[PDB]
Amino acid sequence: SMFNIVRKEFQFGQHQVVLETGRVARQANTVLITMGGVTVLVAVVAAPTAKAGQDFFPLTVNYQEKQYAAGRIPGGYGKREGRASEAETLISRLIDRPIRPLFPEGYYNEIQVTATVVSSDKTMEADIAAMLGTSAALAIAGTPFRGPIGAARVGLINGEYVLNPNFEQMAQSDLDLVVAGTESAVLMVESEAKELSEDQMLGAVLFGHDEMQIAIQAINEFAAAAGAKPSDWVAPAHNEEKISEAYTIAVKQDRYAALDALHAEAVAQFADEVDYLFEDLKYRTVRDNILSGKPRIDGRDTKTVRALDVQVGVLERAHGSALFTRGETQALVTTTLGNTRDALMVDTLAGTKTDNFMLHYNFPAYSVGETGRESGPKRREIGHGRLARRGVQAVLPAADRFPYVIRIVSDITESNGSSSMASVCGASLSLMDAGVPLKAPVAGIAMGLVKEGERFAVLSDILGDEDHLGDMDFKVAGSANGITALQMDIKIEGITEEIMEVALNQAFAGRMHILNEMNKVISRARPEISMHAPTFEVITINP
């Protein structure tokens, strides 16, 4: 045989998993993975060197589901796949988010992941297999990537966690959580829940981190048999040759103008070395201020939420509307009601999917006082909308009790720290303003964690600037009864279960404070739907 095939078989919970390299796509770092009824081809290409003036890490992940994987011919676009669907973009982000922090600081080589679903029996989602396939392909690619990573979906059926459930099991699950981590740390959580408790949600994360260990060890042994060797790449050294005042200006526009003016002063006095070192000085300054117990940039302590303003019915002709402001973060959110003709229809490997609820998220450049080019929905816009949708999903009325198509739009009018959680609150408010009966109102809060050794602080309702210096960022949305969505991104070692427990408990108080302010304005759906909404009558006559 002309191929030198390396195979690794192992049992991953209820599914057999096979890792193969050496036969397909030998000119990249390519793993063909089969997990149950799903087969994915993941090719990784690592540029041998960094580009001349590259100052950031260029990583792109492109995930695709071929229609031929399930014996389908693509529909009505010249019979071609076309651009990435929203579901494909979302899975791309699931792969990108855990791997991106695992490359060392100062590693600027281009990396491209191409993950292609080439066979599916339509019984389960292919994202976990694509995530394991990416992990394995990076493990043999010869980069300083600090893997391997594992991945797992955790459901909750009959009060018990379930590892990597299929579509049929998920129809009885109160939880849809995906977690990725390394051998020692959780990295990424993306989840939707039916008002579960903080304790239930954390347990699902630790259950998933524990169960994925068998897969990480199998990737490790596979990479060894494929001849992978430790990286010798060494990070270049830096030119080893008062700050607080600017970071006490509370207004975001004026603080940056003072900081940007400080940077011009530094460049005149002292090019890429000044750019890198100047940002690190700002990085070090704001973090030690938090850890030393000083007031934050805007004067808050670690547990205080920013000032809130809650308004509904702000648009005369929208079926429901709300303006939600949290400090300098603001969302104009509307609810529109429609008939069957308006439902969202999308193609999947399992067949055509009709969805009576959709949430669209727009983040224009004027929300941060900037100019920007005009384009279609961005990967981040798609992700933030989907997370806010997860925060609202569990409290939506059942279709047979409220037979309308529902479209929510969140227009971010101001941004300074999770507009996506502002979107959850505004969606809850605008739904009730339209007369959509909710199970309960829901709110969201974005949190941060700064850690140095054994010293750590959890930050409630983080600023735009605290998002860029945190070692852990996490977002919780929920009702008074429990969590409806939990998202996490962890960049560091040593965040224990006990630490995450404190962080979620602090977030619970913040979400309850926001919910309490919301209820002063509207706490239930209006008794009638909007006067402008199309009526649903037993007899309709068309002239």
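Residues carry their position along the shown sequence, with the first being 1.
- In terms of unmodelled positions of the deposited sequence, the stretch from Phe270 to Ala271 in this entry skips 4 to 9 residues.
- Deposited sequence between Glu241 and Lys242: 10 or more residues lack coordinates.
- According to the PDB record, 44-52 carries the higher mean C-alpha B-factor of the two stretches 44-52 and 478-486.
- Averaged over their C-alpha atoms, the temperature factors of 275-283 and 180-188 are higher for 275-283.
- Highest CA B-factor among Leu438, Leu387, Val305, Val234, as stated in the entry: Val234.
- Within the group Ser92, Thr336, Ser367, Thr248, the record's highest C-alpha temperature factor is found at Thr248.
- Per-chain ranking of the deposited C-alpha B factor places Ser85 in the lowest third.
- When the CA B factors of the chain's modelled residues are split into thirds, the value for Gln67 lands in the middle one.
- When the modelled residues of the chain are ordered by their C-alpha B factor, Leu349 lands in the highest third.
- Among the modelled residues of the chain, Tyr77 sits in the highest third by CA temperature factor in this PDB entry.
- Ranked by Cα temperature factor within the chain, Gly376 sits in the highest third according to the deposited record.
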